[PDB]
2 protein chains.
Amino acid sequence: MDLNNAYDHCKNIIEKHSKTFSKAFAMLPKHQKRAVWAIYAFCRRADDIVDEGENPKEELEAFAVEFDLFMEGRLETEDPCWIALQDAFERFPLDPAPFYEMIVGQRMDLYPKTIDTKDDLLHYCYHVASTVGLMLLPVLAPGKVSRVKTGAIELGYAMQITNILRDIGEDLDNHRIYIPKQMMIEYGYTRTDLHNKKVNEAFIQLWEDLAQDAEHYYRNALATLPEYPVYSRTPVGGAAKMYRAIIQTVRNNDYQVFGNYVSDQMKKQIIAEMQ
Amino acid sequence: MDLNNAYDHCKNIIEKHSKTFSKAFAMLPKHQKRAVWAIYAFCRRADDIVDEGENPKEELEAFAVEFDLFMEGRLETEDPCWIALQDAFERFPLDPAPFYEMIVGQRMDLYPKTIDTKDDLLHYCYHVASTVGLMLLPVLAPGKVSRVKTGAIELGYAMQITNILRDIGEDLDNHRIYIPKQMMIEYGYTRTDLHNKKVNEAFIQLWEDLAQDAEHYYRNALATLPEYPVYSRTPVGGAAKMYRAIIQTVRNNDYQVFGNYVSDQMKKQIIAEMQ
Ligand SMILES: CC(C)=CCC/C(C)=C\CC/C(C)=C/CSP(=O)(O)OP(=O)(O)O
Ligand SMILES: CC(C)=CCC/C(C)=C\CC/C(C)=C/CSP(=O)(O)OP(=O)(O)O
Ligand SMILES: [Mg+2]
Ligand SMILES: [Mg+2]
Ligand SMILES: [Mg+2]
Ligand SMILES: [Mg+2]
Ligand SMILES: [Mg+2]
Ligand SMILES: [Mg+2]
């Protein structure tokens, strides 16, 4: 297909995966929006290989090999995702380094893993979420990367921690735990408590501890919003605030995370306030 | 109850939990056999708190506090397990140190844990299995503890590794993995493979690697059998060989450990050959 239809393929991927990010980034000007769709599709394919694929090691290694060929300018393909990404790399000064770092992060999920400390948690969040922010920065803030970089990394932390806090039960059903072990020890929330899906006062203490770290990172990220060009402020601030709202949604549902969505109407409220 | 009925309570515990250990240790002379029942009951209560209890941290801490009171000679109780254990400690020179170390091992199972290396695996096996052997040694080999000690520790390794190899699926269903992560990486057996309960050629390579380590430890332990007094050789050698036979049982069932017992008749064959 031609470039328009290659980008349209990527628009469908983001629209199907995330109402929050699709709605936020649709507000960008044309070529920035299309580049974000292509970059998002690269992240989505990597994460889907590891989180949903049948042999994730072999399939992720093949994905990494293809991206190597892509960066050498030598990938010949009809895959719409690569056609779109080729244009984005040629149209904006995208840096391959965070793309490689994302693949490093996805490798972290291939084998059994225990998060021991908050520092362990942030190392994981950096490689699977902060890198996405770094991938997007040349599109969202041309010429201003170094002054918004730290906020973008911390927005990554905030969003990934939020994801983890929403998904404790879903991840447990998949034999994954991202809650730091030292935090379960600090608050007396045992593996047996988690296994029984117990929402007790120790659970809430631990959950709120992590949630407050996420809230701190969101606040730090939002403080950098005036340094973005005007056309990125509502997309980035809107993405940040709709994802942050997952936290209060879980609180309002009494921390029941063993069975949470910001409502369509609430997303529209947040976007309207940004605008 | 009196001492006879307190020990009988412990005989029932071992008979219900393990046909292998009950059959092996019933072959000991009277007072050694009764002491082994009491020591086994102490191990069984600790492991059951952590593996089957409802709040294992609080319940294991209370168990540890009671054992502290017991060792000070100040526990007043009607619990048959403590009455039996009191007699065993007064009748034989039992060393409290491995009893404390067992509780350290049980604490290891309270919170999320990843075994990374074989050394990590052996550290766990030492604290939950080798300590049992060390607890029993003054009863099984009076005056010969230091010359049979290393074999007893390695028999602990062999038995716990065997237990782990038999129980991979049962432990996975309980959100526990004892297979070393570095071994899954070495052989290319991913967390997704394990989650799908796949018995492929990479699984068999990993399983056989661990099984051969266990076989090495069994051989080392059995080489020390001539240093035991005659009345302990069939109990210890018989316990060792019936538990080792779990390995070949799993092999004969094509490594299907996601749904294995040595048969009653096979246990009788092993005991008869020892005798
Ligand atoms: C606009 C800007 C500067 C940054 C926005 C993009 C960033 C930094 C992160 C996206 C983070 C997440 C959690 C995507 C969901 S993938 P998932 O739901 O499958 O998550 P999982 O694989 O369970 O971790
Ligand atoms: C006679 C002599 C010198 C030593 C014999 C006793 C020793 C060293 C170990 C007993 C080991 C095991 C695996 C008991 C099963 S408890 P379980 O089936 O619940 O195991 P788990 O809690 O899953 O690890
Ligand atoms: Mg995912
Ligand atoms: Mg993921
Ligand atoms: Mg998630
Ligand atoms: Mg057990
Ligand atoms: Mg146990
Ligand atoms: Mg077991």
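Within every chain, numbering begins at 1; the chains are lettered A, B, ... in the order of the sequence lines, protein sequences first and strands thereafter. Numbering of ligands and ligand atoms starts at 1, following listing order.
- Classified by interplanar angle (parallel below 30°, tilted 30° to 60°, perpendicular above 60°), the ring pair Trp82(A)/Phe42(A) is perpendicular.
- Counting only protein N, O or S atoms closer than 2.8 Å to the Mg ion (ligand 4) gives 2.
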Should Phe258(B) and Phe203(B) be marked as a ring-ring contact (aromatic ring centres under 6.0 Å, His included) after you check the CA-CA gap, both sets of side-chain angles, and the distance that decides it?
CA-CA 12 Å; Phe258(B) 296 104; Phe203(B) 180 72; 5.6 Å; yes

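- Under 3.5 Å, the side chains of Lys267(A) and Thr20(A) contain a donor-acceptor pair of N or O atoms.
- For atom 23 (O) of ligand 1, the closest non-hydrogen atom on the protein side is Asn163(A) OD1, 3.3 Å.
- Between the side chains of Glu208(B) and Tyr255(B), at least one donor N or O lies within less than 3.5 Å of an accepting N or O.
- Of all protein heavy atoms, the one closest to atom 4 (C) of ligand 1 is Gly133(A) CA, 4.0 Å.
- Under a 4.0 Å heavy-atom criterion, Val128(A) is not in contact with ligand 1.
- We find that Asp209(B) and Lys118(B) are joined by a salt bridge, their nearest charged nitrogen and carboxylate oxygen being less than 4.0 Å apart.
- Some N or O of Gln160(A) is nearer than 3.5 Å to an N or O of ligand 1, by distance alone.
- A centroid separation of less than 6.0 Å is found between the aromatic rings of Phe89(A) and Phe99(A).
- Atom 10 (C) of ligand 1 has as its closest protein heavy atom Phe21(A) CZ, 3.9 Å.
- Considering backbone and side-chain atoms alike, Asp47(A) places an N or O below 3.5 Å from some N or O of ligand 1.
- With atom 6 (C) of ligand 1 as the reference point, the heavy atom nearest to it among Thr162(A), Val139(A), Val132(A), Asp109(A) is part of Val132(A).
- Under a 4.0 Å N-O distance rule, the pair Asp264(A)/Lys23(A) does not qualify as a salt bridge.
- Atoms CZ and CG, from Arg191(B) and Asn174(A) in turn, are 9.0 Å apart once rounded to the nearest 0.5 Å.
- Relative orientation of the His127(A) and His123(A) rings is tilted, given thresholds of 30° and 60° on the angle between their planes.
- Residue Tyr228(A) has no nitrogen or oxygen atom sitting less than 3.5 Å from a nitrogen or oxygen atom of ligand 1, judged on distance alone.
- The closest protein non-hydrogen atom to atom 13 (C) of ligand 1 is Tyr243(A) OH, 3.3 Å.
- Electrostatic pairing of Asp109(B) and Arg176(B) counts as a salt bridge here, judged by a charged N lying under 4.0 Å from a carboxylate O.
- Where the criterion is an N or O separation shorter than 3.5 Å, residue side chain and backbone included, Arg44(A) meets it with respect to ligand 1.
- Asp167(A) CG to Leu172(A) CG: the interatomic distance, rounded to the nearest 0.5 Å, is 11.5 Å.
- If you look at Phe25(A) next to ligand 1, the close heavy atoms, those under 4.0 Å, all belong to the side chain.
- Closest heavy-atom approach to atom 2 (C) of ligand 1 among the candidates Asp51(A), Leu225(A), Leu155(A): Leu155(A).
- In terms of protein heavy-atom proximity, atom 5 (C) of ligand 1 is nearest to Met159(A) SD, 3.9 Å.
- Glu170(A) does not count as a contact of ligand 1, since none of its heavy atoms falls under 4.0 Å from the ligand.
- Under a 4.0 Å N-O distance rule, the pair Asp173(B)/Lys197(B) qualifies as a salt bridge.
- Close to ligand 1: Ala129(A), with a non-hydrogen atom less than 4.0 angstrom away.
- A donor-acceptor contact under 3.5 angstrom links the side chains of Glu101(A) and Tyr126(A), judged on distance only.
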